[PDB]
Protein chains: 2
Amino acid sequence: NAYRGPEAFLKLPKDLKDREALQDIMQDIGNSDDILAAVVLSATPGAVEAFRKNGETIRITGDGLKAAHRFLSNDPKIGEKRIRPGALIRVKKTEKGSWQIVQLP
Amino acid sequence: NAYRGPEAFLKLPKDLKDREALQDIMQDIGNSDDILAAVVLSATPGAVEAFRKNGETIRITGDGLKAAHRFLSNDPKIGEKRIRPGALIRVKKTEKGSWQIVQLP
């Protein structure tokens with residue numbers, strides 16, 4: 001319960017607005033951050049609706065579905081490995097605000 | 001890094017708008033989706049600025065510092081656990097929109 005203190009300490013650059021340097025010192029840590037679990041409610045090649053842990057239902061379309069294309073196309077080789085209601089997926093929100101289907105590193 | 005598809009298929013409730021039932025099927029999945037890594041850029045007892053993996057800088061103040069306050073005081077005898085520049089902390093944004101320093105389970 002009680003706070004135990006930080007897990008680790010990284011060596012900072014002088015410039016605290018140098019995002020590249022800051023990302024570099026963090027390279028090994030936090031690599032699943034912002035990659036969220038969601039369960040698929042509906043799926044077509046044009047839209048996937050999914051429920052995430054915070055209770056919101058998101059809709060993934062367009063660019064957000066690109067990486068997952070083969071799992072939405074009804075390719076016979078994929079068969080019922082395809083995205084379908086109940087599928088557990090991972091999602092991430094882009095800086096432009098749309099959700100995308102991704103996977104854990 | 002080609003997309004590998006859904007990792008599992010879950011049983012859904014009959015009512016796909018029952019948010020509690022949907023929460024219940026994810027009860028053992030994504031449990032610290034809302035807790036993020038951040039590296040501390042500056043720290044005083046009243047304010048911590050930290051940098052997230054997504055490249056955003058966040059500011060934690062007031063109630064957000066309460067859990068961790070014994071590690072933020074100007075007391076060198078806290079030891080190597082003291083929050084200071086470069087500390088790797090874990091953070092969560094509250095329902096009200098404010099960041100807080102937390103710990104992973």
# chains A, B, ... in the order shown; residues from 1 in each chain; ligands from 1
>>> interface_residues(of="chain A", to="chain B", cutoff="8 Å", atoms="only C-alpha atoms", output="PDB file with N, CA, C and O atoms, in the first residue's frame")
ATOM      1  N   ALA A   2       1.737   1.347   1.011  1.00  0.00           N
ATOM      2  CA  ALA A   2       2.625   2.478   1.165  1.00  0.00           C
ATOM      3  C   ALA A   2       3.511   2.603  -0.079  1.00  0.00           C
ATOM      4  O   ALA A   2       3.882   1.618  -0.698  1.00  0.00           O
ATOM      5  N   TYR A   3       3.800   3.833  -0.455  1.00  0.00           N
ATOM      6  CA  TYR A   3       4.688   4.078  -1.600  1.00  0.00           C
ATOM      7  C   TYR A   3       6.069   3.580  -1.234  1.00  0.00           C
ATOM      8  O   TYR A   3       6.512   3.832  -0.130  1.00  0.00           O
ATOM      9  N   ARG A   4       6.710   2.846  -2.149  1.00  0.00           N
ATOM     10  CA  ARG A   4       8.014   2.231  -1.952  1.00  0.00           C
ATOM     11  C   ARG A   4       9.178   2.932  -2.628  1.00  0.00           C
ATOM     12  O   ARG A   4      10.327   2.586  -2.412  1.00  0.00           O
ATOM     13  N   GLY A   5       8.874   3.915  -3.445  1.00  0.00           N
ATOM     14  CA  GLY A   5       9.904   4.669  -4.106  1.00  0.00           C
ATOM     15  C   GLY A   5      10.071   4.188  -5.542  1.00  0.00           C
ATOM     16  O   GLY A   5       9.609   3.126  -5.929  1.00  0.00           O
ATOM     17  N   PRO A   6      10.773   4.975  -6.348  1.00  0.00           N
ATOM     18  CA  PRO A   6      10.971   4.615  -7.758  1.00  0.00           C
ATOM     19  C   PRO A   6      11.739   3.327  -7.980  1.00  0.00           C
ATOM     20  O   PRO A   6      12.698   3.026  -7.236  1.00  0.00           O
ATOM     21  N   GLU A   7      11.348   2.606  -9.021  1.00  0.00           N
ATOM     22  CA  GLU A   7      11.966   1.347  -9.372  1.00  0.00           C
ATOM     23  C   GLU A   7      13.403   1.449  -9.908  1.00  0.00           C
ATOM     24  O   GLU A   7      14.162   0.475  -9.832  1.00  0.00           O
ATOM     25  N   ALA A   8      13.715   2.595 -10.497  1.00  0.00           N
ATOM     26  CA  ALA A   8      14.946   2.781 -11.233  1.00  0.00           C
ATOM     27  C   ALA A   8      15.177   4.270 -11.373  1.00  0.00           C
ATOM     28  O   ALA A   8      14.269   5.073 -11.181  1.00  0.00           O
ATOM     29  N   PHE A   9      16.397   4.610 -11.726  1.00  0.00           N
ATOM     30  CA  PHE A   9      16.797   5.999 -11.999  1.00  0.00           C
ATOM     31  C   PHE A   9      17.571   6.044 -13.303  1.00  0.00           C
ATOM     32  O   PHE A   9      18.544   5.323 -13.476  1.00  0.00           O
ATOM     33  N   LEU A  10      17.156   6.894 -14.220  1.00  0.00           N
ATOM     34  CA  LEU A  10      17.843   7.086 -15.501  1.00  0.00           C
ATOM     35  C   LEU A  10      18.684   8.355 -15.462  1.00  0.00           C
ATOM     36  O   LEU A  10      18.478   9.250 -14.620  1.00  0.00           O
ATOM     37  N   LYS A  11      19.705   8.380 -16.301  1.00  0.00           N
ATOM     38  CA  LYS A  11      20.621   9.522 -16.361  1.00  0.00           C
ATOM     39  C   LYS A  11      20.091  10.511 -17.405  1.00  0.00           C
ATOM     40  O   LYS A  11      20.039  10.202 -18.596  1.00  0.00           O
ATOM     41  N   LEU A  12      19.669  11.697 -16.982  1.00  0.00           N
ATOM     42  CA  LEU A  12      19.018  12.609 -17.878  1.00  0.00           C
ATOM     43  C   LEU A  12      20.050  13.358 -18.742  1.00  0.00           C
ATOM     44  O   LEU A  12      21.210  13.523 -18.329  1.00  0.00           O
ATOM     45  N   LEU A  16      16.133  19.197 -21.131  1.00  0.00           N
ATOM     46  CA  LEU A  16      14.907  18.519 -20.764  1.00  0.00           C
ATOM     47  C   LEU A  16      13.756  18.634 -21.760  1.00  0.00           C
ATOM     48  O   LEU A  16      12.678  18.084 -21.519  1.00  0.00           O
ATOM     49  N   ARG A  19      13.426  15.571 -26.753  1.00  0.00           N
ATOM     50  CA  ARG A  19      12.596  14.384 -26.707  1.00  0.00           C
ATOM     51  C   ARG A  19      13.309  13.130 -27.184  1.00  0.00           C
ATOM     52  O   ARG A  19      13.139  12.054 -26.606  1.00  0.00           O
ATOM     53  N   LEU A  22      15.539  11.903 -24.376  1.00  0.00           N
ATOM     54  CA  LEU A  22      14.699  11.371 -23.318  1.00  0.00           C
ATOM     55  C   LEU A  22      14.116  10.029 -23.720  1.00  0.00           C
ATOM     56  O   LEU A  22      14.076   9.099 -22.909  1.00  0.00           O
ATOM     57  N   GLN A  23      13.642   9.883 -24.963  1.00  0.00           N
ATOM     58  CA  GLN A  23      13.151   8.574 -25.437  1.00  0.00           C
ATOM     59  C   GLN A  23      14.267   7.547 -25.398  1.00  0.00           C
ATOM     60  O   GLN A  23      14.077   6.379 -25.051  1.00  0.00           O
ATOM     61  N   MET A  26      14.881   6.003 -22.039  1.00  0.00           N
ATOM     62  CA  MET A  26      13.725   5.187 -21.685  1.00  0.00           C
ATOM     63  C   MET A  26      13.553   3.953 -22.566  1.00  0.00           C
ATOM     64  O   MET A  26      12.564   3.237 -22.425  1.00  0.00           O
ATOM     65  N   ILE A  29      12.221   0.541 -21.161  1.00  0.00           N
ATOM     66  CA  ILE A  29      11.148   0.624 -20.168  1.00  0.00           C
ATOM     67  C   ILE A  29       9.847   1.089 -20.818  1.00  0.00           C
ATOM     68  O   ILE A  29       9.873   1.864 -21.769  1.00  0.00           O
ATOM     69  N   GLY A  30       8.722   0.641 -20.295  1.00  0.00           N
ATOM     70  CA  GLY A  30       7.454   1.214 -20.726  1.00  0.00           C
ATOM     71  C   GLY A  30       7.036   0.851 -22.133  1.00  0.00           C
ATOM     72  O   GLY A  30       6.201   1.522 -22.736  1.00  0.00           O
ATOM     73  N   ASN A  31       7.569  -0.234 -22.664  1.00  0.00           N
ATOM     74  CA  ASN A  31       7.382  -0.498 -24.091  1.00  0.00           C
ATOM     75  C   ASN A  31       5.977  -0.974 -24.452  1.00  0.00           C
ATOM     76  O   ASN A  31       5.609  -0.931 -25.652  1.00  0.00           O
ATOM     77  N   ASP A  33       3.468   0.634 -22.933  1.00  0.00           N
ATOM     78  CA  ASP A  33       2.632   1.777 -22.519  1.00  0.00           C
ATOM     79  C   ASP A  33       1.772   2.272 -23.701  1.00  0.00           C
ATOM     80  O   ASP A  33       2.235   2.355 -24.835  1.00  0.00           O
ATOM     81  N   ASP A  34       0.525   2.571 -23.375  1.00  0.00           N
ATOM     82  CA  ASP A  34      -0.469   3.114 -24.306  1.00  0.00           C
ATOM     83  C   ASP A  34      -0.996   2.085 -25.302  1.00  0.00           C
ATOM     84  O   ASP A  34      -1.821   2.431 -26.167  1.00  0.00           O
ATOM     85  N   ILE A  35      -0.526   0.860 -25.191  1.00  0.00           N
ATOM     86  CA  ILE A  35      -1.007  -0.271 -26.008  1.00  0.00           C
ATOM     87  C   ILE A  35      -1.980  -1.015 -25.127  1.00  0.00           C
ATOM     88  O   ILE A  35      -1.575  -1.740 -24.199  1.00  0.00           O
ATOM     89  N   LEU A  36      -3.262  -0.827 -25.418  1.00  0.00           N
ATOM     90  CA  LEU A  36      -4.348  -1.192 -24.518  1.00  0.00           C
ATOM     91  C   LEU A  36      -5.121  -2.406 -24.986  1.00  0.00           C
ATOM     92  O   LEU A  36      -5.245  -2.655 -26.162  1.00  0.00           O
ATOM     93  N   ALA A  37      -5.643  -3.160 -24.036  1.00  0.00           N
ATOM     94  CA  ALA A  37      -6.471  -4.328 -24.353  1.00  0.00           C
ATOM     95  C   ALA A  37      -7.857  -3.867 -24.774  1.00  0.00           C
ATOM     96  O   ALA A  37      -8.446  -2.924 -24.234  1.00  0.00           O
ATOM     97  N   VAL A  39     -11.721  -5.801 -26.398  1.00  0.00           N
ATOM     98  CA  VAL A  39     -12.441  -6.968 -26.915  1.00  0.00           C
ATOM     99  C   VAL A  39     -13.338  -6.532 -28.051  1.00  0.00           C
ATOM    100  O   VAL A  39     -14.113  -5.585 -27.918  1.00  0.00           O
ATOM    101  N   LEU A  41     -16.351  -6.253 -30.478  1.00  0.00           N
ATOM    102  CA  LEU A  41     -17.810  -6.416 -30.475  1.00  0.00           C
ATOM    103  C   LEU A  41     -18.381  -6.679 -31.873  1.00  0.00           C
ATOM    104  O   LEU A  41     -19.362  -7.392 -32.013  1.00  0.00           O
ATOM    105  N   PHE A  51     -14.441  -2.862 -27.133  1.00  0.00           N
ATOM    106  CA  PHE A  51     -14.638  -2.363 -25.777  1.00  0.00           C
ATOM    107  C   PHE A  51     -13.304  -2.391 -25.032  1.00  0.00           C
ATOM    108  O   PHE A  51     -12.622  -3.401 -25.028  1.00  0.00           O
ATOM    109  N   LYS A  53     -10.816  -1.399 -21.406  1.00  0.00           N
ATOM    110  CA  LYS A  53     -10.948  -1.502 -19.945  1.00  0.00           C
ATOM    111  C   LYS A  53     -11.559  -0.299 -19.288  1.00  0.00           C
ATOM    112  O   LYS A  53     -12.210  -0.442 -18.247  1.00  0.00           O
ATOM    113  N   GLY A  55     -14.018   1.235 -20.138  1.00  0.00           N
ATOM    114  CA  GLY A  55     -15.437   1.154 -20.365  1.00  0.00           C
ATOM    115  C   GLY A  55     -15.932   1.798 -21.653  1.00  0.00           C
ATOM    116  O   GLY A  55     -17.130   1.815 -21.912  1.00  0.00           O
ATOM    117  N   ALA A  67      -2.841  -2.374 -40.627  1.00  0.00           N
ATOM    118  CA  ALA A  67      -1.899  -3.420 -40.182  1.00  0.00           C
ATOM    119  C   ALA A  67      -2.605  -4.746 -40.051  1.00  0.00           C
ATOM    120  O   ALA A  67      -2.039  -5.783 -40.380  1.00  0.00           O
ATOM    121  N   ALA A  68      -3.868  -4.718 -39.647  1.00  0.00           N
ATOM    122  CA  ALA A  68      -4.677  -5.910 -39.391  1.00  0.00           C
ATOM    123  C   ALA A  68      -5.428  -6.482 -40.616  1.00  0.00           C
ATOM    124  O   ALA A  68      -6.288  -7.363 -40.497  1.00  0.00           O
ATOM    125  N   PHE A  71      -6.505 -10.115 -41.314  1.00  0.00           N
ATOM    126  CA  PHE A  71      -7.450 -10.627 -40.328  1.00  0.00           C
ATOM    127  C   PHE A  71      -8.850 -10.056 -40.402  1.00  0.00           C
ATOM    128  O   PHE A  71      -9.690 -10.413 -39.592  1.00  0.00           O
ATOM    129  N   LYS A  81      -9.119 -17.697 -37.367  1.00  0.00           N
ATOM    130  CA  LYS A  81      -8.164 -16.842 -36.681  1.00  0.00           C
ATOM    131  C   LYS A  81      -8.472 -15.363 -36.898  1.00  0.00           C
ATOM    132  O   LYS A  81      -7.860 -14.505 -36.278  1.00  0.00           O
ATOM    133  N   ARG A  82      -9.394 -15.068 -37.808  1.00  0.00           N
ATOM    134  CA  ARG A  82      -9.745 -13.689 -38.129  1.00  0.00           C
ATOM    135  C   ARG A  82     -10.323 -12.950 -36.920  1.00  0.00           C
ATOM    136  O   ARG A  82     -10.830 -13.568 -35.993  1.00  0.00           O
ATOM    137  N   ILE A  83     -10.252 -11.642 -36.985  1.00  0.00           N
ATOM    138  CA  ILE A  83     -10.917 -10.763 -36.019  1.00  0.00           C
ATOM    139  C   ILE A  83     -12.436 -10.921 -36.167  1.00  0.00           C
ATOM    140  O   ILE A  83     -12.980 -10.854 -37.284  1.00  0.00           O
ATOM    141  N   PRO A  85     -16.349 -11.059 -33.360  1.00  0.00           N
ATOM    142  CA  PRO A  85     -16.738 -10.750 -31.983  1.00  0.00           C
ATOM    143  C   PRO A  85     -16.153 -11.669 -30.913  1.00  0.00           C
ATOM    144  O   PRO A  85     -16.240 -12.910 -31.024  1.00  0.00           O
ATOM    145  N   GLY A  86     -15.585 -11.060 -29.889  1.00  0.00           N
ATOM    146  CA  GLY A  86     -14.890 -11.744 -28.813  1.00  0.00           C
ATOM    147  C   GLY A  86     -13.384 -11.739 -28.940  1.00  0.00           C
ATOM    148  O   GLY A  86     -12.693 -12.067 -27.992  1.00  0.00           O
ATOM    149  N   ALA A  87     -12.877 -11.362 -30.108  1.00  0.00           N
ATOM    150  CA  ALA A  87     -11.434 -11.337 -30.291  1.00  0.00           C
ATOM    151  C   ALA A  87     -10.824 -10.365 -29.305  1.00  0.00           C
ATOM    152  O   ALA A  87     -11.258  -9.233 -29.207  1.00  0.00           O
ATOM    153  N   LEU A  88      -9.777 -10.819 -28.623  1.00  0.00           N
ATOM    154  CA  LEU A  88      -8.942  -9.974 -27.778  1.00  0.00           C
ATOM    155  C   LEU A  88      -7.841  -9.364 -28.647  1.00  0.00           C
ATOM    156  O   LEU A  88      -6.997 -10.065 -29.233  1.00  0.00           O
ATOM    157  N   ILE A  89      -7.876  -8.043 -28.742  1.00  0.00           N
ATOM    158  CA  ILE A  89      -6.903  -7.266 -29.534  1.00  0.00           C
ATOM    159  C   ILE A  89      -6.220  -6.250 -28.685  1.00  0.00           C
ATOM    160  O   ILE A  89      -6.583  -6.027 -27.525  1.00  0.00           O
ATOM    161  N   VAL A 102      -3.046  -2.690 -33.074  1.00  0.00           N
ATOM    162  CA  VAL A 102      -1.615  -2.967 -33.000  1.00  0.00           C
ATOM    163  C   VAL A 102      -1.360  -4.301 -32.264  1.00  0.00           C
ATOM    164  O   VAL A 102      -2.261  -5.079 -32.039  1.00  0.00           O
ATOM    165  N   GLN A 103      -0.117  -4.549 -31.877  1.00  0.00           N
ATOM    166  CA  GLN A 103       0.151  -5.754 -31.076  1.00  0.00           C
ATOM    167  C   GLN A 103       1.270  -5.473 -30.101  1.00  0.00           C
ATOM    168  O   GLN A 103       2.012  -4.514 -30.294  1.00  0.00           O
TER     169      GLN A 103
END
>>> select_by_dssp(residues="chain B", states="strand (DSSP E or B)", output="number ranges by chain")
B: 8-9, 36-44, 47-52, 57-61, 87-93, 99-102
>>> residues_around(residues="residue 96 of chain A", least_positions_apart="3", cutoff="12 Å", atoms="only C-alpha atoms", output="list in words")
residues 63, 64, 92, 93, 99 and 100 of chain A
>>> select_by_dssp(residues="chain A", states="alpha helix (DSSP H)", output="list in words")
residues 19, 20, 21, 22, 23, 24 and 25 of chain A
